Amino acid sequence: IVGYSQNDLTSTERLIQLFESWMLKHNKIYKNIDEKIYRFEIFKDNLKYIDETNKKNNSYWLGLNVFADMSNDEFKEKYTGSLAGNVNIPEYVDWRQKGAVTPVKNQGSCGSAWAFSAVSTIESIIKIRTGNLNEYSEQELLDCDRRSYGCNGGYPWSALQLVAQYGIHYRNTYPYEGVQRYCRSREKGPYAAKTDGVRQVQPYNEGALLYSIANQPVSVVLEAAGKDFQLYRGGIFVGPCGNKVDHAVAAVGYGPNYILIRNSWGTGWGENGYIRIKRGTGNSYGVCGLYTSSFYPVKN
Ligand SMILES: [Cl-]
Ligand SMILES: [Cl-]
Ligand code: NA
């Protein structure tokens, strides 16, 4: 299972056809054949890495996901860098099962995950409090959070606080463009929602984070720039990654061995946009520095 046959490797011509059907499977369109050929070479290299890395018996595996035609350097730059930086709980939690999570979004080639992370926890807390699941505007936070840097990264806590002090509009009222424009908040009329505050989970503390997740999805950060993270396909991700967090995501559950993480790279990444990250190793940073900096919205 995922995402090619051993028969595909026995021949250049086969590799090409494999690459062809992977482009179709992801609606990949390139400028010219020069890029297409370039992309094949990248594809070919990540295939080789995947195939070699999947021999090794870890608890997760890599795959020809949406980022398979990208070099890790290319990937580092474009989908990593969203951070401007600096009591008996259920055995299992998954807020997807309570209707509190909207469908998976795609930040595109924009360092905006700080807004995506925040907005996701906001949508969730309002469902939990008021009973309705809505989609809210990442573009608004992108454009309007003066402490953040738009597509060059920002702070989740800053985005949450904006929503607590002012409000946020609906996705459909302020749609995502993946580019920072001027603030258009006042042009859209009244806010759709307003939170009442922001709290921070005690950092470097797994138990504290789990407790929080059991009440609300939490906005957390991790280091996502690694090639194993990039090509991640399924299973419990156990490393390797450092503690130089560079990406913002939403913790929307956990089990005995893992914390459930909603990413914002579309459904063509990971377990349909999600990753399960190893927990309980005692390590106070968390795998990929997951426990570094966690915030969640408050809604009376
Ligand atoms: Cl520490
Ligand atoms: Cl801990
Ligand atoms: Na969304």
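Shown for chain A, in order and in Swiss-Prot numbering: 30-115, 132-345.
Method of determination (from the header): X-ray crystallography, 2.5 Å.
Cβ from N, Cα, C; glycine included.
Taken straight from Swiss-Prot:
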DISULFID  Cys155-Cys196  disulfide bond
DISULFID  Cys189-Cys228  disulfide bond
DISULFID  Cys286-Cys333  disulfide bond
ACT_SITE  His292  active site
ACT_SITE  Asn308  active site
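Per Cα geometry, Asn308 is the residue among the recorded positions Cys189, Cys196, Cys228, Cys286, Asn308 nearest to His292 (active site). Using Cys228 (disulfide bond) as the reference Cα, a 10 A cut-off selects none from the recorded positions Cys286, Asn308, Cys333. Non-local contacts of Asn308 (active site) by the CB criterion (under 8 A, 6+ apart in sequence, same chain) comprise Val149, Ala269, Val294, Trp314, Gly315, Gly318, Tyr319, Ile320.
On the backbone, the CA of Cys333 (disulfide bond) and the CA of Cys155 (disulfide bond) stand 21 Å apart. Taking CA atoms as the reference points, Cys196 (disulfide bond) and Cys189 (disulfide bond) are 12 Å apart.
Spatially close to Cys155 (disulfide bond) yet at least six residues away along the chain are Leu187, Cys196, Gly223, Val224, judged by Cβ distances under 8 angstroms. With 16 residues left out of the model between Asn115 and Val132, the distance spanned by their C-alpha atoms equals 31 Å. In this structure, the C-alpha atom of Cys189 (disulfide bond) lies 32 angstrom from that of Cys286 (disulfide bond). Burial estimate for the disulfide-bonded residues (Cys189, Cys228, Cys286, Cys333): highest at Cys333, by number of other CB atoms within 10 Å. The least crowded of the recorded positions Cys196, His292, judged by other CB atoms within 10 A of its own CB, is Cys196. Secondary structure from DSSP puts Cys189 (disulfide bond) in a helix.
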